[PDB]
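To start, the structure under review is shown below, and the notes come after it.
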Amino acid sequence: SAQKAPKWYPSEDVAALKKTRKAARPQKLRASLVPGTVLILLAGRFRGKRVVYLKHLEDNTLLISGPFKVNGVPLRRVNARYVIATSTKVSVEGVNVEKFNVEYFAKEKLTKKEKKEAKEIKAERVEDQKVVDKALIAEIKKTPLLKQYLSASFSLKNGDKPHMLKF
Amino acid sequence: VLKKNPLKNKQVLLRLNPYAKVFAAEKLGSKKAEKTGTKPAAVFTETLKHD
Amino acid sequence: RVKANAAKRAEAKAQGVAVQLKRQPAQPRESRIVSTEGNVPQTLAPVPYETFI
Amino acid sequence: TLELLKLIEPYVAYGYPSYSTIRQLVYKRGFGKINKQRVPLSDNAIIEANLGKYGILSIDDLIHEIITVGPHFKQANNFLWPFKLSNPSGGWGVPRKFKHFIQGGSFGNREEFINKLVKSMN
Amino acid sequence: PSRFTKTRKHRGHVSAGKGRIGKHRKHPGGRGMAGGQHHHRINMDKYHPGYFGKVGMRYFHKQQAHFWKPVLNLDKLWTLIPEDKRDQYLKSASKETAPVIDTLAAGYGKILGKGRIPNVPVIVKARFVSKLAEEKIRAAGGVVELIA
Amino acid sequence: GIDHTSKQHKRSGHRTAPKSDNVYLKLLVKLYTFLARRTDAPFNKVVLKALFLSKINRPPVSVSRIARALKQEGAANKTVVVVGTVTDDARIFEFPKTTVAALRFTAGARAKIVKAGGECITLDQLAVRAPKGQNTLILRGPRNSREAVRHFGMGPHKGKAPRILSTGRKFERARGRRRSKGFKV
RNA sequence: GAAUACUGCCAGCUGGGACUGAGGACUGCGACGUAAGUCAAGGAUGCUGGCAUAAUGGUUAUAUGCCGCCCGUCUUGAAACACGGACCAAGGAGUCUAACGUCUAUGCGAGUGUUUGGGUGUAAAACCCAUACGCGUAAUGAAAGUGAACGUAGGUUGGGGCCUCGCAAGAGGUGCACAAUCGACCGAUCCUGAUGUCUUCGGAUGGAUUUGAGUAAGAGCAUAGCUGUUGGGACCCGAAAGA
RNA sequence: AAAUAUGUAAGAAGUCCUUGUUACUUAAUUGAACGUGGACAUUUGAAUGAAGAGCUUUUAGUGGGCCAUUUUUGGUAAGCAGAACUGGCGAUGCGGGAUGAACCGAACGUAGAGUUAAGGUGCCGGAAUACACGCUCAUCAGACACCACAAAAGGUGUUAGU
RNA sequence: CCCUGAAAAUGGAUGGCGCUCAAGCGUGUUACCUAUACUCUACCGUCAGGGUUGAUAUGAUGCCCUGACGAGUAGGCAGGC
RNA sequence: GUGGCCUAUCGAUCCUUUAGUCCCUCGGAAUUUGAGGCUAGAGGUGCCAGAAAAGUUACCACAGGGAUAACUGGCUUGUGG
Ligand SMILES: C[C@@H]1C[C@@H]([C@H](O)CC2CC(=O)NC(=O)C2)C(=O)[C@@H](C)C1
């Protein structure tokens, strides 16, 4: 024989796991994040954009839509740690947000065999975008310069210290 | 298997010392003390000021 | 000490049990009051230097 | 015991602990000497199994026998494993440790200032 | 087996267990019994006292066969009788028919008296016998007859 | 760093298993390891330790020593336990009817105990008929009767036997052993 | 008459940062709950995304930041301006034997040892064996010589274990080995000197600040192993010499 | 006539109460030594610690030392020679003293996080060109113990004081 | 405190550059830096204390629980290649 | 009262010799000389735990030693300047 033998072999029977005492208690948001607050996106393809915060979704994310007719940001999810909560506020008692939730934004089960070597928006998504934009735009127009404020991007000038700035 | 510190983890603090619940409930850590109006003798204050 | 200890133990057998046969070191002093009556505290600072030669 | 302390002055700092210091010390860093092993207290039944013959049946019973020097202080203290304190969090407050506390250092009897030192050292 | 020796464990270590200062040499303190009176004196005087000097008188042409006299004790005397007949002789402690024990054929010269034989008469034949030995055979009812 | 008041990593200094490779002795050690762990009887612990001993730490126990032990009043009906060999003795002319539990019996010792009317018992049968060592009597041989002990502690005025190869006159009975030749020891 | 500072306490509340996630059914201590259960209470889970390959990672070369003196030896002290070493391959130094000490394993044990030799053989093997002899079972003395129980093989103090009573704590009894001590016995030395008698022999009793490598219900013998010792070339190499 | 250093004791192998042995001792039924029997509790006779406490065999290497504080001898002195107690190096890495066998801190399995020691925070170089009160201007300033040096004397330089 | 006293030979040493209400001297208060040191966690090994047989799913020199510890020449022993 | 008021004033094995015990041995058996034994002293080793011991080498040899001298260098600076 090339190698003799192990006298006794380790058992192949997988052991179960101990009961884990970790209850999933709900998230505790920071005090500056209330619906209608204008947020600044710190990351993502829409970084630096001014957006209007609407709803806190079940998976701890934030549903947000800086009005698509204003700056082109649609209704989408964001992570609360990747945004800056400003002080300007927008009333939001004209939107209906119980329809939007996690399974609404669930993307797809991407087929592994589906690979693209060289290389459309749902009509239900665009209709919701229109409906919520109507209420949002109709209110922000009450107070001056908000539309242009939401249309412009955010950036740090020379000599800008975020550790002492206010947002 | 793991030493959990009291003075934190109130579950452990209550596993020991069942009296810590009563201490916290009645707020014995901020016991307001009864006022007494005794005054030092004139000889004590005189010698304290004395050079 | 053994003769006195035997007598104390035998006396404590009748009355005063747990007579504390053992010795003890010098304990720290207990509280006390120091009265000022007729004994007002008074002293001065260090004395300056002088030769005396 | 005062002669022992007077004989190891240059190597120790000691003082008079308060109830606050004693309670926090025993709760956080208190271990037992059970069968010559360092057993974390962590439970009232561990203490009552090794000190219940002396009328001590809880961690506050152990703390009581320490803060006030009871008849069974020697047995309770010898049951306690020596505390393994860490370096002070705010530092020693002194450029050089090895001078007497009166002479500006850190060793010697520091009266009631041991509470500030110990609470930072654990 | 050389594979169990400590030499196989000193391979790689310079001094091979013999020290770096002592520097294992040929014969540092002499050869054989050298210096039993000068520099090995303490070892002689402590572990082998009486080594040096003459004591007693000399025996020219000493033949060890003249002094041949193996001793046997009373507590071993009954072992010369065979085990099969030992029990039947021990019972019925007779004087008219007592066992005859011949220590010469058993290879012994003198019988000593470490004592406590059973109270059974025996006929003991021996070249020599100590005083207290014979007194115990006679106390047990037997007799000692001397042979040559 | 620690001010070590005693040697670190210090072994017990006692045998925790027999040095031998006797499979049957190992079986006995495993039987009495179970008994010592699972019973509170201190007889089991003593026998377990005594099974570990070396050949010179378990001297043979004579049948005369067994008989002498049986003469102790109240010990006549006890079982004699010898962790080691039991040897024959022709100096004793009567042997009581007893039971001896020993590791090994010499042929003469086995015959004599049986002839008296008793039986020779192995240690496993001892545990079956006495799991806690009820009414047992542990006997041990004389450790200091070895001829190796005579030379232990040799020194002046100690009264010990020197290590020698030949006895008699002309062999260490001279200067150092009499006043007539220098000094005496 | 207040406040504040300073010092101290809270089994007061609360925010941000970092490191760690060890175990792997249940058992425990708790807390909140009328209970049912739940829980941050004897060690991490849940949700999500990208990639699924050189992407992470290993190896290697390079660069960069910091550190890094030439190994071996003698030595109080070595990188030394102390000695050996230009380089590589192969060889190269605690071995065997006679006798022995402690310890360990083994077999039998008051015995132990077949192998000098004989029988036998499938033939330097294996198997079987008589008488002897070696060591032990008796010591002491220069020697001639003598030669080990007053006693449950002694008393005392401890002593594991066992037994009795006890729920227990403990109290009694027996107590191997072992340790300390005082006795008894054997040999030597010093002394005393009974019956008796080849009248110079015998040495009975009784003692001692004496002495033994002794007895006081034997432990040894043989084989094997590490280590140690002595003699041998003796861990290897090396004289100036002598015959 | 110190200080430091050093002997002994702080019990069960003890104490107390009765009374047995002897050839010693006493004028003696006196003592001495050793005992029989009985009594003594739970703080069994100060504190602290106890890592198990005792005992025995057998064998290695070593038997050139040196340094530091303090005591100290010879010498003018010596990185000189010779002693005492203790701690070290030899046998030992690590952080600091730039550098070093002995100094300061701390002694070492492999990693992670936190806090410190001795020492430091202009730059080299990680860390306050921090704060506060004063002194000094050197045409040879000074800048950390071991340590790598300076004296007697003098200066209407300047500052404080009698 | 500063200055005179104050002279040695290759060119050199508060470690260097440099420093003058100091980056010097005396003193004080804080903050901060980092050791193989201290604290907690993990792993390796050693040691000690233990658990485990109405068959421990027939390996009890196995498996497991708990605690502490880890410097090293000459040297000793053990487990291995 | 077991030498000097106390603290120093001294000597192994082997051999020789003396005193004592009248003792043991001369091993085929005895007697007597002789010799050898046992116990205790002396005769001596002063290098005093105790070999029996004259020089020279500028003709030299070996094993080593910086454990140790004859240069330099280093510490010191009595002496010198
Ligand atoms: C000087 C003279 C002799 C001397 C002694 O016998 C000399 C030597 C003889 C010998 O070969 N070996 C030794 O041990 C001693 C002795 O006894 C003295 C009293 C008398």
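Simple scheme: letters A, B, ... for chains in structure tokens order, numbers from 1 for residues in each chain, numbers from 1 for ligands in the order shown.
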Please give me, as a PDB file with C-alpha atoms (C1' of nucleotides), in the first residue's frame, the residues lying within 6 Å of ligand 1 when counting only C-alpha atoms (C1' of nucleotides) and all ligand atoms.
ATOM      1  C1'   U J  13      49.705   3.966  54.924  1.00  0.00           C
ATOM      2  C1'   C J  14      54.363   0.628  54.743  1.00  0.00           C
ATOM      3  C1'   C J  15      58.630  -0.837  57.730  1.00  0.00           C
ATOM      4  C1'   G J  43      60.990   6.278  65.398  1.00  0.00           C
ATOM      5  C1'   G J  44      58.527  11.306  60.247  1.00  0.00           C
TER       6        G J  44
END
Would you list the contacts of residue 71 (chain F) as a PDB file with C-alpha atoms (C1' of nucleotides), in the first residue's frame, taking every protein, DNA or RNA residue within 12 Å and counting only C-alpha atoms (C1' of nucleotides), but skipping same-chain residues closer than 2 positions in sequence?
ATOM      1  CA  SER F  64       4.103 -16.505  56.673  1.00  0.00           C
ATOM      2  CA  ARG F  65       3.457 -12.759  56.542  1.00  0.00           C
ATOM      3  CA  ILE F  66      -0.099 -13.538  55.424  1.00  0.00           C
ATOM      4  CA  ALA F  67      -0.540 -15.960  58.328  1.00  0.00           C
ATOM      5  CA  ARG F  68       0.963 -13.418  60.735  1.00  0.00           C
ATOM      6  CA  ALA F  69      -1.575 -10.858  59.505  1.00  0.00           C
ATOM      7  CA  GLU F  73      -7.856 -10.283  66.168  1.00  0.00           C
ATOM      8  CA  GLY F  74     -10.911  -9.538  64.041  1.00  0.00           C
ATOM      9  CA  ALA F  75      -8.993 -10.135  60.792  1.00  0.00           C
ATOM     10  CA  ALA F  76      -9.372 -13.929  60.673  1.00  0.00           C
ATOM     11  CA  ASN F  77     -12.247 -13.938  58.161  1.00  0.00           C
ATOM     12  CA  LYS F  78     -10.987 -11.044  56.026  1.00  0.00           C
ATOM     13  CA  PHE F  95      -1.575 -22.175  57.489  1.00  0.00           C
ATOM     14  CA  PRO F  96      -5.119 -20.924  58.195  1.00  0.00           C
ATOM     15  CA  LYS F  97      -8.064 -21.338  55.839  1.00  0.00           C
ATOM     16  CA  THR F  98      -8.259 -17.908  54.193  1.00  0.00           C
TER      17      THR F  98
ATOM     18  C1'   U G 152       1.090 -12.874  69.576  1.00  0.00           C
ATOM     19  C1'   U G 174      -6.967  -3.808  63.858  1.00  0.00           C
TER      20        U G 174
END
Under the rule of at most 8 Å, produce a per-residue listing of chain H near chain D: chain, number, name, the closest pair of atoms, and the distance in Å, as JSON lines, using only C-alpha atoms (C1' of nucleotides).
{"residue": "H:47", "atom": "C1'", "partner": "D:1", "partner_atom": "CA", "distance": 7.0}
{"residue": "H:48", "atom": "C1'", "partner": "D:1", "partner_atom": "CA", "distance": 7.8}
{"residue": "H:115", "atom": "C1'", "partner": "D:87", "partner_atom": "CA", "distance": 5.2}
{"residue": "H:116", "atom": "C1'", "partner": "D:87", "partner_atom": "CA", "distance": 5.6}
Which residues of chain I sit at most 12 Å from chain B, using only C-alpha atoms (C1' of nucleotides)? Give each one's shortest atom pair and distance in Å (one decimal place), in chain and ascending residue order, as CSV.
residue,atom,partner,partner_atom,distance
I:40,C1',B:3,CA,10.1
I:41,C1',B:2,CA,9.8
I:65,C1',B:1,CA,11.1
I:66,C1',B:1,CA,10.7
Those of chain D in DSSP strand (DSSP E), formatted as a list in words: residues 13, 14, 31, 32, 33, 34, 37, 38, 39, 40, 108 and 109 of chain D
Using the selection just defined, write its residues with C-alpha atoms as an mmCIF file, in the first residue's frame.
data_model
loop_
_atom_site.group_PDB
_atom_site.id
_atom_site.type_symbol
_atom_site.label_atom_id
_atom_site.label_comp_id
_atom_site.auth_asym_id
_atom_site.auth_seq_id
_atom_site.Cartn_x
_atom_site.Cartn_y
_atom_site.Cartn_z
ATOM 1 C CA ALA D 13 0.697 52.114 45.077
ATOM 2 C CA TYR D 14 -2.021 51.640 47.679
ATOM 3 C CA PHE D 31 -12.577 35.640 39.911
ATOM 4 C CA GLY D 32 -12.683 32.806 42.419
ATOM 5 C CA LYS D 33 -10.006 30.398 43.624
ATOM 6 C CA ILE D 34 -11.857 27.080 43.346
ATOM 7 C CA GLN D 37 -8.358 27.291 39.535
ATOM 8 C CA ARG D 38 -9.305 30.820 38.465
ATOM 9 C CA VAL D 39 -13.084 30.522 38.126
ATOM 10 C CA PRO D 40 -14.981 33.665 37.039
ATOM 11 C CA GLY D 108 3.441 54.853 48.187
ATOM 12 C CA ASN D 109 0.262 55.397 50.147
#
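Residues from chain F that have an atom within 7 Å of chain I, counting only C-alpha atoms (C1' of nucleotides), are residues 8, 9, 10 and 11 of chain F.
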Take the residues from that selection and put them in a file with C-alpha atoms, as a short mmCIF file (atom, residue, chain, number, x, y, z; two decimals), in the first residue's frame.
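selection.cif was written with the following content:
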data_model
loop_
_atom_site.label_atom_id
_atom_site.label_comp_id
_atom_site.auth_asym_id
_atom_site.auth_seq_id
_atom_site.Cartn_x
_atom_site.Cartn_y
_atom_site.Cartn_z
CA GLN F 8 6.46 25.93 35.87
CA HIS F 9 5.27 22.91 33.86
CA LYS F 10 6.26 20.56 36.68
CA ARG F 11 5.06 16.98 36.33
#
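Atom pair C1' of residue 33 (chain G) / CA of residue 24 (chain A): separated by 19.7 Å.
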Between CA of residue 9 (chain A) and CA of residue 30 (chain F), distance in Å (one decimal):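 Separation of CA of residue 9 (chain A) and CA of residue 30 (chain F): 24.6 Å.
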